[PDB]
Amino acid sequence: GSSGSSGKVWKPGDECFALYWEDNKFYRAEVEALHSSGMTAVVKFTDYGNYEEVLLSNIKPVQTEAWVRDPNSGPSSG
């Protein structure tokens, strides 16, 4: 299509951070299934592994393991 568009869409099978309904804190999770309507979605919390209905506007994309190897030692003893 066209490259160069701001935005972010969720999908069933992506790890994300959802705000607990009892802690209201950002915790790890995974988009279990979105809602036809397009407002809330079922996300599974890793903390225990239970599903919770949270809004899409209350979810954040989890960073990826962009590790980098190199023969040059980076961090050292302080």
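For this deposition, the record names solution NMR as the technique by which the model was determined.

**Q** Got a minute to help me understand the packing of aromatic side chains in this structure?
**A** Centre distance and the angle of the planes are the two values used to describe a pair of aromatic rings. Tallied over the entire structure, the rule returns three aromatic pairs. Ring centres of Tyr20 and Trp21 lie 6.0 Å apart, and the angle between their planes is 40°; on these two criteria the pair is classed as tilted. Taking relative accessible area as the criterion, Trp21 reaches 52% and is therefore assigned exposed. Each member of the aromatic cluster is reached from another via a ring pair, and the members are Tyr20, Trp21, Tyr27 and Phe45.

**Q** How should I be thinking about the nonpolar core in this particular structure?
**A** The tendency in soluble globular proteins is for nonpolar side chains to be buried side by side. Within the largest apolar cluster, ten residues are counted, these being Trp10, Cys16, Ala18, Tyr20, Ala29, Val31, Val43, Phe45, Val54 and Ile59. Of all the secondary structure elements, the ones that give two or more residues to this core are β1 (15–19), β2 (26–34) and β3 (40–45). When neighbours within four sequence positions are excluded, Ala18 is seen to be in contact with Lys25, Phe26, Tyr27, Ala29, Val43, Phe45, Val54, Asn58 and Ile59.

**Q** What is the right way to look at the environment of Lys8 in this model?
**A** Following the sequence through the fold, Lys8 ends up in the segment before β1. The exposure class assigned to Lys8 is exposed, which follows from its relative accessible area of 62%. Distance from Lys8 to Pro61, taken between C-alpha atoms, is 8.5 Å for residues 53 residues apart in sequence.

**Q** In this structure, what is going on with unusual backbone geometry? I would like to understand it.
**A** Where the residue is not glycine, phi is negative for most of them; where a peptide bond is considered, it is trans in most cases. Unlike most non-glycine residues, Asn24 shows phi in positive territory, near 50°. Relative to the helices and strands, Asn24 is located in the loop between β1 and β2. Look at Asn24 and you get exposed, because its relative accessible area is 51%.

Rules of the game
Residues numbered from 1 in each chain as written, not as in the entry; some residues may be left out. Heavy atoms only, no water. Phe/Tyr/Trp six-rings, centres within 6.5 Å; stacked < 30°, edge-to-face > 60°. Buried < 20%, exposed > 50% of the residue type's maximum accessible area, 1.4 Å probe, protein only. Core = buried A, V, L, I, M, F, W, Y, C linked by side-chain atoms within 4.5 Å. Helix = DSSP H or I, 4+ residues; strand = E, 2+ residues; numbered from the N terminus. Contact = heavy atoms within 4.5 Å.

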